[PDB]
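*Asks:* Pasting target-v6.tsv here (TSV, C-alpha atoms and all ligand atoms):
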chain	number	residue	atom	x	y	z
A	983	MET	CA	-29.94	-15.68	20.38
A	984	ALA	CA	-30.97	-12.98	22.85
A	985	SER	CA	-27.41	-12.78	24.22
A	986	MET	CA	-25.99	-11.88	20.82
A	987	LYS	CA	-23.92	-8.89	19.73
A	988	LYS	CA	-23.20	-6.93	16.55
A	989	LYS	CA	-20.03	-5.71	14.86
A	990	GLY	CA	-19.82	-2.07	15.92
A	991	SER	CA	-19.35	0.91	13.62
A	992	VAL	CA	-16.16	2.31	12.13
A	993	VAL	CA	-14.94	5.16	14.35
A	994	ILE	CA	-12.88	8.22	13.43
A	995	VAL	CA	-9.93	8.27	15.84
A	996	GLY	CA	-7.85	11.01	14.20
A	997	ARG	CA	-6.71	12.53	10.91
A	998	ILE	CA	-3.69	13.23	8.71
A	999	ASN	CA	-3.35	17.02	8.66
A	1000	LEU	CA	-2.11	18.36	5.31
A	1001	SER	CA	-3.48	21.92	5.14
A	1002	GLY	CA	-0.30	23.75	6.21
A	1003	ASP	CA	3.48	23.68	6.26
A	1004	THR	CA	3.97	19.98	7.00
A	1005	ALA	CA	1.96	16.77	7.10
A	1006	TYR	CA	1.46	15.24	10.54
A	1007	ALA	CA	-0.99	12.83	12.15
A	1008	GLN	CA	-3.33	14.02	14.90
A	1009	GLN	CA	-5.17	11.76	17.33
A	1010	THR	CA	-8.71	12.70	18.32
A	1011	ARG	CA	-10.10	9.70	20.27
A	1012	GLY	CA	-8.34	7.32	22.64
A	1013	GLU	CA	-8.52	3.55	22.57
A	1014	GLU	CA	-10.99	3.31	25.46
A	1015	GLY	CA	-13.14	5.99	23.81
A	1016	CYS	CA	-13.05	4.48	20.34
A	1017	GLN	CA	-14.04	1.12	21.83
A	1018	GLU	CA	-17.18	2.91	23.08
A	1019	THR	CA	-18.01	5.12	20.08
A	1020	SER	CA	-18.01	1.90	18.02
A	1021	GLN	CA	-20.53	0.27	20.37
A	1022	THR	CA	-22.89	3.29	20.33
A	1023	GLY	CA	-22.23	5.03	17.01
A	1024	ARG	CA	-22.78	8.48	18.55
A	1025	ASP	CA	-19.66	10.41	17.51
A	1026	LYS	CA	-19.85	13.99	18.79
A	1027	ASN	CA	-16.34	15.13	17.80
A	1028	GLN	CA	-16.57	17.32	14.71
A	1029	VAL	CA	-14.64	16.44	11.56
A	1030	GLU	CA	-11.93	18.46	9.81
A	1031	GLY	CA	-9.62	17.77	6.89
A	1032	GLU	CA	-9.48	15.26	4.06
A	1033	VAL	CA	-7.70	12.12	5.30
A	1034	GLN	CA	-9.15	10.50	8.42
A	1035	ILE	CA	-7.73	7.70	10.58
A	1036	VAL	CA	-10.41	5.09	11.28
A	1037	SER	CA	-10.47	2.03	13.52
A	1038	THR	CA	-12.64	-0.97	14.27
A	1039	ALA	CA	-12.57	-2.97	17.50
A	1040	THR	CA	-9.81	-5.13	15.95
A	1041	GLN	CA	-8.16	-3.23	13.07
A	1042	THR	CA	-7.18	0.29	12.01
A	1043	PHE	CA	-6.73	2.01	8.66
A	1044	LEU	CA	-7.43	5.27	6.80
A	1045	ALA	CA	-10.31	6.86	4.92
A	1046	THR	CA	-10.15	9.63	2.31
A	1047	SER	CA	-12.88	12.11	1.41
A	1048	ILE	CA	-13.35	12.71	-2.32
A	1049	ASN	CA	-16.20	14.32	-4.28
A	1050	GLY	CA	-18.21	14.59	-1.07
A	1051	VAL	CA	-17.84	10.93	-0.06
A	1052	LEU	CA	-15.61	9.41	2.63
A	1053	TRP	CA	-14.10	6.42	0.83
A	1054	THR	CA	-12.19	3.57	2.42
A	1055	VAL	CA	-11.52	-0.13	1.79
A	1056	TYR	CA	-13.80	-3.11	2.34
A	1057	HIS	CA	-11.28	-5.51	3.88
A	1058	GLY	CA	-10.86	-3.03	6.74
A	1059	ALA	CA	-14.43	-1.76	7.10
A	1060	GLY	CA	-16.69	-4.44	5.63
A	1061	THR	CA	-20.37	-3.56	5.73
A	1062	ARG	CA	-19.94	-1.72	9.04
A	1063	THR	CA	-21.59	1.62	9.70
A	1064	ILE	CA	-19.69	4.77	10.72
A	1065	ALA	CA	-20.18	6.74	13.93
A	1066	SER	CA	-21.86	10.08	13.25
A	1067	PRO	CA	-23.44	12.70	15.53
A	1068	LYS	CA	-26.83	11.29	14.48
A	1069	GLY	CA	-25.88	7.68	15.22
A	1070	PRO	CA	-24.57	5.07	12.79
A	1071	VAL	CA	-24.66	5.80	9.07
A	1072	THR	CA	-25.14	3.23	6.31
A	1073	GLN	CA	-22.63	3.15	3.46
A	1074	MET	CA	-23.98	4.61	0.22
A	1075	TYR	CA	-21.43	2.61	-1.80
A	1076	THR	CA	-20.25	-0.98	-1.28
A	1077	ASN	CA	-18.34	-2.91	-3.95
A	1078	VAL	CA	-16.42	-5.94	-2.69
A	1079	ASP	CA	-15.19	-6.72	-6.21
A	1080	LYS	CA	-13.28	-3.43	-5.93
A	1081	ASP	CA	-12.65	-3.60	-2.15
A	1082	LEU	CA	-14.38	-0.24	-1.82
A	1083	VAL	CA	-16.92	1.38	0.49
A	1084	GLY	CA	-18.05	4.94	1.13
A	1085	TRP	CA	-20.10	7.17	3.39
A	1086	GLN	CA	-21.37	10.69	2.82
A	1087	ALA	CA	-18.56	13.08	3.75
A	1088	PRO	CA	-19.48	14.36	7.24
A	1089	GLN	CA	-20.05	18.09	7.60
A	1090	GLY	CA	-17.22	20.33	8.71
A	1091	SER	CA	-14.91	18.33	6.42
A	1092	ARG	CA	-13.23	18.93	3.07
A	1093	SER	CA	-13.18	16.57	0.10
A	1094	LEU	CA	-10.31	16.38	-2.38
A	1095	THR	CA	-11.00	16.61	-6.11
A	1096	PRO	CA	-9.96	14.02	-8.74
A	1097	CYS	CA	-6.82	15.08	-10.58
A	1098	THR	CA	-7.68	15.98	-14.18
A	1099	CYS	CA	-4.21	17.15	-15.29
A	1100	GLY	CA	-2.73	13.66	-15.60
A	1101	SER	CA	-0.68	12.32	-12.70
A	1102	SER	CA	2.93	11.42	-13.51
A	1103	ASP	CA	4.76	11.15	-10.16
A	1104	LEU	CA	2.39	10.35	-7.30
A	1105	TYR	CA	2.81	10.84	-3.55
A	1106	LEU	CA	1.51	8.28	-1.06
A	1107	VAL	CA	0.40	9.43	2.39
A	1108	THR	CA	0.94	6.79	5.06
A	1109	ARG	CA	-0.62	6.16	8.46
A	1110	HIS	CA	2.18	8.21	10.06
A	1111	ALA	CA	1.68	11.24	7.76
A	1112	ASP	CA	4.74	10.26	5.68
A	1113	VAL	CA	4.65	11.36	2.04
A	1114	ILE	CA	6.30	8.70	-0.13
A	1115	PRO	CA	7.18	9.43	-3.79
A	1116	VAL	CA	5.52	6.91	-6.11
A	1117	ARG	CA	6.27	6.56	-9.83
A	1118	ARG	CA	2.98	5.76	-11.57
A	1119	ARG	CA	3.77	2.49	-13.37
A	1120	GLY	CA	0.31	1.59	-14.62
A	1121	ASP	CA	-3.29	2.65	-14.16
A	1122	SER	CA	-3.71	1.26	-10.63
A	1123	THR	CA	-0.06	0.53	-9.78
A	1124	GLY	CA	2.98	2.53	-8.77
A	1125	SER	CA	6.56	1.57	-7.95
A	1126	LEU	CA	8.37	3.05	-4.95
A	1127	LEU	CA	11.39	5.29	-5.46
A	1128	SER	CA	12.77	4.37	-2.02
A	1129	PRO	CA	12.52	0.81	-0.64
A	1130	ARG	CA	11.14	0.30	2.85
A	1131	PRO	CA	9.52	-2.56	4.78
A	1132	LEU	CA	5.89	-3.57	4.43
A	1133	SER	CA	5.48	-2.84	8.14
A	1134	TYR	CA	5.48	0.91	7.45
A	1135	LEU	CA	2.64	0.57	4.92
A	1136	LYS	CA	0.31	-1.59	7.02
A	1137	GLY	CA	-2.71	0.31	8.29
A	1138	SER	CA	-2.30	2.81	5.43
A	1139	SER	CA	-4.89	1.26	3.09
A	1140	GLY	CA	-7.71	3.65	2.30
A	1141	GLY	CA	-5.23	6.52	2.21
A	1142	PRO	CA	-4.66	8.88	-0.69
A	1143	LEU	CA	-2.28	8.92	-3.64
A	1144	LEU	CA	-1.88	12.48	-4.81
A	1145	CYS	CA	-0.91	14.54	-7.86
A	1146	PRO	CA	2.09	16.87	-7.36
A	1147	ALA	CA	-0.56	19.59	-7.12
A	1148	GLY	CA	-2.44	17.74	-4.37
A	1149	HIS	CA	-5.44	16.27	-6.20
A	1150	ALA	CA	-6.42	12.65	-5.60
A	1151	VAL	CA	-5.41	9.91	-8.03
A	1152	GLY	CA	-6.53	6.80	-6.13
A	1153	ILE	CA	-6.95	4.92	-2.88
A	1154	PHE	CA	-4.10	2.79	-1.53
A	1155	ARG	CA	-5.40	-0.79	-1.45
A	1156	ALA	CA	-2.58	-3.35	-1.67
A	1157	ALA	CA	1.20	-3.58	-1.64
A	1158	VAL	CA	3.65	-5.45	-3.88
A	1159	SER	CA	6.54	-6.83	-1.83
A	1160	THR	CA	9.45	-9.24	-2.11
A	1161	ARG	CA	11.39	-10.69	0.85
A	1162	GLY	CA	9.52	-8.33	3.18
A	1163	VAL	CA	10.65	-5.13	1.41
A	1164	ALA	CA	7.81	-3.33	-0.35
A	1165	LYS	CA	8.73	-2.66	-3.99
A	1166	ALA	CA	5.50	-1.26	-5.48
A	1167	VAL	CA	1.88	-0.45	-4.61
A	1168	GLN	CA	-1.61	-0.73	-6.07
A	1169	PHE	CA	-4.55	1.63	-5.66
A	1170	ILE	CA	-8.17	2.21	-6.66
A	1171	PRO	CA	-8.06	4.68	-9.59
A	1172	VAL	CA	-10.22	7.68	-8.73
A	1173	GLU	CA	-12.03	7.21	-12.05
A	1174	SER	CA	-13.49	3.95	-10.72
A	1175	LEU	CA	-14.69	5.92	-7.70
A	1176	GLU	CA	-16.62	8.16	-10.10
A	1177	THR	CA	-17.98	5.13	-11.97
A	1178	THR	CA	-19.33	3.68	-8.72
A	1179	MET	CA	-21.06	7.04	-8.20
A	1201	LIG	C1	0.91	-3.46	3.59
A	1201	LIG	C2	-0.11	-2.61	3.54
A	1201	LIG	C3	-1.17	-2.76	2.42
A	1201	LIG	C4	-2.05	-1.53	2.16
A	1201	LIG	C5	-2.65	-2.78	2.82
A	1201	LIG	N1	-3.43	-3.66	1.92
A	1201	LIG	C6	-3.35	-5.14	2.06
A	1201	LIG	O1	-2.66	-5.63	2.89
A	1201	LIG	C7	-4.13	-5.99	1.09
A	1201	LIG	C8	-5.32	-6.73	1.69
A	1201	LIG	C9	-5.37	-7.92	0.77
A	1201	LIG	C10	-3.92	-8.34	0.80
A	1201	LIG	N2	-3.25	-7.06	0.57
A	1201	LIG	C11	-1.92	-6.84	-0.08
A	1201	LIG	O2	-1.49	-5.74	-0.20
A	1201	LIG	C12	-1.10	-8.04	-0.59
A	1201	LIG	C13	-0.12	-8.54	0.49
A	1201	LIG	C14	0.66	-9.75	-0.10
A	1201	LIG	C15	-0.90	-9.00	1.75
A	1201	LIG	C16	0.89	-7.42	0.88
A	1201	LIG	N3	-0.36	-7.62	-1.78
A	1201	LIG	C17	-0.78	-8.10	-3.11
A	1201	LIG	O3	-1.78	-8.74	-3.22
A	1201	LIG	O4	0.00	-7.80	-4.27
A	1201	LIG	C18	-0.79	-7.81	-5.46
A	1201	LIG	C19	-1.05	-6.76	-6.54
A	1201	LIG	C20	-2.20	-7.24	-5.65
A	1201	LIG	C21	-3.51	-7.49	-6.46
A	1201	LIG	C22	-4.33	-8.61	-5.77
A	1201	LIG	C23	-4.80	-8.16	-4.36
A	1201	LIG	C24	-6.16	-7.40	-4.47
A	1201	LIG	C25	-6.33	-6.44	-3.25
A	1201	LIG	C26	-7.42	-6.97	-2.29
A	1201	LIG	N4	-8.84	-6.94	-2.68
A	1201	LIG	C27	-9.88	-7.44	-1.74
A	1201	LIG	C28	-11.39	-7.41	-2.14
A	1201	LIG	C29	-12.46	-7.93	-1.17
A	1201	LIG	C30	-12.05	-8.49	0.21
A	1201	LIG	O5	-13.04	-8.96	1.10
A	1201	LIG	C31	-12.59	-9.32	2.39
A	1201	LIG	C32	-10.56	-8.51	0.61
A	1201	LIG	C33	-9.48	-7.98	-0.38
A	1201	LIG	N5	-8.04	-8.01	0.02
A	1201	LIG	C34	-7.02	-7.52	-0.89
A	1201	LIG	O6	-5.63	-7.53	-0.55
A	1201	LIG	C35	-3.06	-2.57	4.30
A	1201	LIG	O7	-2.36	-1.94	5.03
A	1201	LIG	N6	-4.32	-3.11	4.83
A	1201	LIG	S1	-4.72	-2.82	6.49
A	1201	LIG	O8	-4.90	-1.39	6.74
A	1201	LIG	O9	-3.58	-3.12	7.37
A	1201	LIG	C36	-6.21	-3.77	6.98
A	1201	LIG	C37	-6.36	-4.03	8.49
A	1201	LIG	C38	-7.24	-2.98	7.80
A	1202	ZN	ZN	-3.72	16.96	-10.37
Let me see the file written as structure tokens.

*Replies:*
Amino acid sequence: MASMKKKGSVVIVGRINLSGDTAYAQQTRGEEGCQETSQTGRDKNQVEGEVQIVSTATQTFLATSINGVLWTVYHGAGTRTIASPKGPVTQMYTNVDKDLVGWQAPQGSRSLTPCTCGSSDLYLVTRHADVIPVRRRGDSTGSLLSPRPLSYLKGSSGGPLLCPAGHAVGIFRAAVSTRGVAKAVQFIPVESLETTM
């Protein structure tokens, strides 16, 4: 019981840059470094942007900042802390029934704003910065306009689904697939984010 360990913190290893001409993923911490920043929690690298790429010692996914909170998904993060300059940081929101968790948006970062103009055709940002047209077919669901394998959507949970203007409509959570070809998607409607707040 003395020779016991603890599940390290979630570490920011990069970001999906969207603030210019094109969308592209940037790496900020290697694998050997992330394996350490998760064991300590002391993350010195400053934060920029809205969509961050996060990793645990065994998995990797995304996290989106909205209304001043860095949201992600529970099945990737769990109750883990996040590495901040001032050590680990406890989540200020945890709802397993929704598969949702959140930390205070670190400084130096920007937080999207919920879309209030009614989203019709959404755009899903993937782990590899790809922007995939989604046709909102529900309140938390959206069919894909172009079919592609599930393998290109794995590790994208916690990412954003965006208005044509760029506001946030939800948080990619699960995928609807048949025969290995993803046909639709589901997300956490940003209104439920507000309700949790
Ligand atoms: C392909 C990419 C896809 C975005 C990803 N999401 C998933 O794979 C989720 C995880 C799990 C199964 N998922 C699915 O998408 C399934 C699957 C058949 C597997 C495609 N699809 C599906 O159900 O269709 C039905 C409409 C949905 C409604 C019913 C499902 C409800 C969703 C859900 N809620 C909870 C609450 C609490 C929990 O505690 C442990 C756990 C949960 N797990 C869940 O779904 C992803 O990349 N993750 S990740 O980044 O690689 C990860 C390593 C970090
Ligand atoms: Zn909008």

*Asks:* Restricting the calculation to all atoms listed in the file, which member of A:1098, A:1159, A:1174, A:1139 is positioned closest to ligand ZN 1202 (chain A)?

*Replies:*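 Nearest candidate to ligand ZN 1202 (chain A) out of A:1098, A:1159, A:1174, A:1139: A:1098.
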
*Asks:* Could you tell me, counting all atoms listed in the file, which protein and nucleic acid residues lie no more than 8 Å from ligand ZN 1202 (chain A), written as a compact mmCIF listing (two decimals) with C-alpha atoms, keeping the file's coordinate frame?

*Replies:*
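Result file follows (out_35.txt):
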# COMPACT_ATOMS: atom_id res chain seq x y z
CA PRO A 1096 -9.96 14.02 -8.74
CA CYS A 1097 -6.82 15.08 -10.58
CA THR A 1098 -7.68 15.98 -14.18
CA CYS A 1099 -4.21 17.15 -15.29
CA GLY A 1100 -2.73 13.66 -15.60
CA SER A 1101 -0.68 12.32 -12.70
CA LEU A 1144 -1.88 12.48 -4.81
CA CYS A 1145 -0.91 14.54 -7.86
CA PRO A 1146 2.09 16.87 -7.36
CA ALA A 1147 -0.56 19.59 -7.12
CA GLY A 1148 -2.44 17.74 -4.37
CA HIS A 1149 -5.44 16.27 -6.20
CA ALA A 1150 -6.42 12.65 -5.60
CA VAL A 1151 -5.41 9.91 -8.03

*Asks:* Could you list, as a VMD selection string, all residues that come within 10 Å of ligand LIG 1201 (chain A)? Count all atoms listed in the file.

*Replies:* chain A and resid 1036 to 1038 1040 to 1044 1054 to 1060 1077 to 1082 1108 to 1109 1122 to 1123 1131 to 1141 1153 to 1160 1162 1164 1166 to 1170

*Asks:* Could you write those residues out with C-alpha atoms, as a PDB file, in the frame of the given file?

*Replies:*
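Result went into part.pdb, see below:
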ATOM      1  CA  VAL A1036     -10.410   5.090  11.280  1.00  0.00           C
ATOM      2  CA  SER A1037     -10.470   2.030  13.520  1.00  0.00           C
ATOM      3  CA  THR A1038     -12.640  -0.970  14.270  1.00  0.00           C
ATOM      4  CA  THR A1040      -9.810  -5.130  15.950  1.00  0.00           C
ATOM      5  CA  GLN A1041      -8.160  -3.230  13.070  1.00  0.00           C
ATOM      6  CA  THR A1042      -7.180   0.290  12.010  1.00  0.00           C
ATOM      7  CA  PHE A1043      -6.730   2.010   8.660  1.00  0.00           C
ATOM      8  CA  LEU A1044      -7.430   5.270   6.800  1.00  0.00           C
ATOM      9  CA  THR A1054     -12.190   3.570   2.420  1.00  0.00           C
ATOM     10  CA  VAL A1055     -11.520  -0.130   1.790  1.00  0.00           C
ATOM     11  CA  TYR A1056     -13.800  -3.110   2.340  1.00  0.00           C
ATOM     12  CA  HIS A1057     -11.280  -5.510   3.880  1.00  0.00           C
ATOM     13  CA  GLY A1058     -10.860  -3.030   6.740  1.00  0.00           C
ATOM     14  CA  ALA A1059     -14.430  -1.760   7.100  1.00  0.00           C
ATOM     15  CA  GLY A1060     -16.690  -4.440   5.630  1.00  0.00           C
ATOM     16  CA  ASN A1077     -18.340  -2.910  -3.950  1.00  0.00           C
ATOM     17  CA  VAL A1078     -16.420  -5.940  -2.690  1.00  0.00           C
ATOM     18  CA  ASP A1079     -15.190  -6.720  -6.210  1.00  0.00           C
ATOM     19  CA  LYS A1080     -13.280  -3.430  -5.930  1.00  0.00           C
ATOM     20  CA  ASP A1081     -12.650  -3.600  -2.150  1.00  0.00           C
ATOM     21  CA  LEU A1082     -14.380  -0.240  -1.820  1.00  0.00           C
ATOM     22  CA  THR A1108       0.940   6.790   5.060  1.00  0.00           C
ATOM     23  CA  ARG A1109      -0.620   6.160   8.460  1.00  0.00           C
ATOM     24  CA  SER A1122      -3.710   1.260 -10.630  1.00  0.00           C
ATOM     25  CA  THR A1123      -0.060   0.530  -9.780  1.00  0.00           C
ATOM     26  CA  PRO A1131       9.520  -2.560   4.780  1.00  0.00           C
ATOM     27  CA  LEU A1132       5.890  -3.570   4.430  1.00  0.00           C
ATOM     28  CA  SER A1133       5.480  -2.840   8.140  1.00  0.00           C
ATOM     29  CA  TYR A1134       5.480   0.910   7.450  1.00  0.00           C
ATOM     30  CA  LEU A1135       2.640   0.570   4.920  1.00  0.00           C
ATOM     31  CA  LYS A1136       0.310  -1.590   7.020  1.00  0.00           C
ATOM     32  CA  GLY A1137      -2.710   0.310   8.290  1.00  0.00           C
ATOM     33  CA  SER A1138      -2.300   2.810   5.430  1.00  0.00           C
ATOM     34  CA  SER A1139      -4.890   1.260   3.090  1.00  0.00           C
ATOM     35  CA  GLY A1140      -7.710   3.650   2.300  1.00  0.00           C
ATOM     36  CA  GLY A1141      -5.230   6.520   2.210  1.00  0.00           C
ATOM     37  CA  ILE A1153      -6.950   4.920  -2.880  1.00  0.00           C
ATOM     38  CA  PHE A1154      -4.100   2.790  -1.530  1.00  0.00           C
ATOM     39  CA  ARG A1155      -5.400  -0.790  -1.450  1.00  0.00           C
ATOM     40  CA  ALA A1156      -2.580  -3.350  -1.670  1.00  0.00           C
ATOM     41  CA  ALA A1157       1.200  -3.580  -1.640  1.00  0.00           C
ATOM     42  CA  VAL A1158       3.650  -5.450  -3.880  1.00  0.00           C
ATOM     43  CA  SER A1159       6.540  -6.830  -1.830  1.00  0.00           C
ATOM     44  CA  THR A1160       9.450  -9.240  -2.110  1.00  0.00           C
ATOM     45  CA  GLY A1162       9.520  -8.330   3.180  1.00  0.00           C
ATOM     46  CA  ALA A1164       7.810  -3.330  -0.350  1.00  0.00           C
ATOM     47  CA  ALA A1166       5.500  -1.260  -5.480  1.00  0.00           C
ATOM     48  CA  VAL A1167       1.880  -0.450  -4.610  1.00  0.00           C
ATOM     49  CA  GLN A1168      -1.610  -0.730  -6.070  1.00  0.00           C
ATOM     50  CA  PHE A1169      -4.550   1.630  -5.660  1.00  0.00           C
ATOM     51  CA  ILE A1170      -8.170   2.210  -6.660  1.00  0.00           C
TER      52      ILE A1170
END

*Asks:* Using only C-alpha atoms, which of the listed residues (A:986, A:1094, A:1163, A:1114) sits closest to residue 1130 (chain A)?

*Replies:*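 Among A:986, A:1094, A:1163, A:1114, it is A:1163 that comes nearest to residue 1130 (chain A).
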
*Asks:* Quick one: pull the distance between CA of residue 1121 (chain A) and CA of residue 1073 (chain A), Å, one decimal.

*Replies:* 26.2 Å

*Asks:* For CA of residue 1034 (chain A) and CA of residue 1118 (chain A), quote the distance in Å rounded to one decimal.

*Replies:*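 According to the coordinates, CA of residue 1034 (chain A) and CA of residue 1118 (chain A) are separated by 23.9 Å.
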
*Asks:* Would you compute the distance between CA of residue 1083 (chain A) and CA of residue 1152 (chain A)? Give it in Å to one decimal.

*Replies:* 13.5 Å

*Asks:* Write out as a short mmCIF file (atom, residue, chain, number, x, y, z; two decimals) with C-alpha atoms, in the frame of the given file which residues come within 10 Å of residue 1029 (chain A) when counting all atoms listed in the file, dropping same-chain ones fewer than 5 positions away.

*Replies:*
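The resulting file, result-v1.cif, is shown below:
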data_model
loop_
_atom_site.label_atom_id
_atom_site.label_comp_id
_atom_site.auth_asym_id
_atom_site.auth_seq_id
_atom_site.Cartn_x
_atom_site.Cartn_y
_atom_site.Cartn_z
CA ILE A 994 -12.88 8.22 13.43
CA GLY A 996 -7.85 11.01 14.20
CA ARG A 997 -6.71 12.53 10.91
CA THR A 1010 -8.71 12.70 18.32
CA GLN A 1034 -9.15 10.50 8.42
CA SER A 1066 -21.86 10.08 13.25
CA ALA A 1087 -18.56 13.08 3.75
CA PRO A 1088 -19.48 14.36 7.24
CA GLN A 1089 -20.05 18.09 7.60
CA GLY A 1090 -17.22 20.33 8.71
CA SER A 1091 -14.91 18.33 6.42
CA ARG A 1092 -13.23 18.93 3.07
#

*Asks:* Taking every listed atom of region 1094-1110 of chain A and adding 5 Å to each side, what centre and edge lengths in Å (one decimal) does the axis-aligned box have, as lines of an AutoDock Vina configuration file?

*Replies:*
center_x = -3.1
center_y = 11.7
center_z = -2.8
size_x = 25.8
size_y = 21.0
size_z = 35.7

*Asks:* Using all atoms listed in the file, which residue out of A:1011, A:1161, A:1062, A:1119 lies closest to residue 1075 (chain A)?

*Replies:* A:1062

*Asks:* Check the smallest atom-to-atom distance from each of A:1172, A:1049, A:1001, A:987 to residue 1031 (chain A) using all atoms listed in the file, then report the winner.

*Replies:*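 Checking each candidate against residue 1031 (chain A), we get A:1001 as the closest.
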
*Asks:* When you look at region 1004-1009 of chain A with a cut-off of 7 Å (counting all atoms listed in the file), what residues show up, excluding the ones that are within fewer than 3 positions of it in the same chain? I need them as a list in words.

*Replies:*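 That gives residues 995, 996, 997, 998, 999, 1000, 1110 and 1111 of chain A.
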
*Asks:* Output as a tab-separated table (two decimals), in the frame of the given file: region 1030-1046 of chain A, completed with N, CA and C atoms.

*Replies:*
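Listed below is the output, part.tsv:
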chain	number	residue	atom	x	y	z
A	1030	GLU	N	-12.68	17.49	10.61
A	1030	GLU	CA	-11.93	18.46	9.81
A	1030	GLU	C	-10.94	17.71	8.93
A	1031	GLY	N	-10.66	18.28	7.76
A	1031	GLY	CA	-9.62	17.77	6.89
A	1031	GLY	C	-10.15	16.82	5.84
A	1032	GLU	N	-9.20	16.18	5.16
A	1032	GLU	CA	-9.48	15.26	4.06
A	1032	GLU	C	-9.24	13.81	4.43
A	1033	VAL	N	-8.06	13.49	4.96
A	1033	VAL	CA	-7.70	12.12	5.30
A	1033	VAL	C	-8.00	11.89	6.77
A	1034	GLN	N	-8.79	10.86	7.06
A	1034	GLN	CA	-9.15	10.50	8.42
A	1034	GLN	C	-8.53	9.15	8.78
A	1035	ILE	N	-8.21	8.98	10.06
A	1035	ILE	CA	-7.73	7.70	10.58
A	1035	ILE	C	-8.91	7.02	11.26
A	1036	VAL	N	-9.25	5.82	10.79
A	1036	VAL	CA	-10.41	5.09	11.28
A	1036	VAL	C	-9.95	3.78	11.91
A	1037	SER	N	-10.78	3.26	12.81
A	1037	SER	CA	-10.47	2.03	13.52
A	1037	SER	C	-11.75	1.26	13.80
A	1038	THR	N	-11.63	-0.06	13.76
A	1038	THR	CA	-12.64	-0.97	14.27
A	1038	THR	C	-12.13	-1.56	15.58
A	1039	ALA	N	-12.96	-2.38	16.23
A	1039	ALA	CA	-12.57	-2.97	17.50
A	1039	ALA	C	-11.34	-3.87	17.37
A	1040	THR	N	-10.92	-4.21	16.15
A	1040	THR	CA	-9.81	-5.13	15.95
A	1040	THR	C	-8.77	-4.65	14.94
A	1041	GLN	N	-9.09	-3.68	14.09
A	1041	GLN	CA	-8.16	-3.23	13.07
A	1041	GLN	C	-8.15	-1.71	13.03
A	1042	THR	N	-7.32	-1.16	12.14
A	1042	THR	CA	-7.18	0.29	12.01
A	1042	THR	C	-6.60	0.59	10.64
A	1043	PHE	N	-7.12	1.64	10.01
A	1043	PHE	CA	-6.73	2.01	8.66
A	1043	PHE	C	-7.12	3.46	8.42
A	1044	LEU	N	-7.15	3.89	7.16
A	1044	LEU	CA	-7.43	5.27	6.80
A	1044	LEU	C	-8.70	5.35	5.97
A	1045	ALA	N	-9.16	6.58	5.76
A	1045	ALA	CA	-10.31	6.86	4.92
A	1045	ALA	C	-10.15	8.26	4.34
A	1046	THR	N	-10.37	8.38	3.03
A	1046	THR	CA	-10.15	9.63	2.31
A	1046	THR	C	-11.46	10.15	1.75
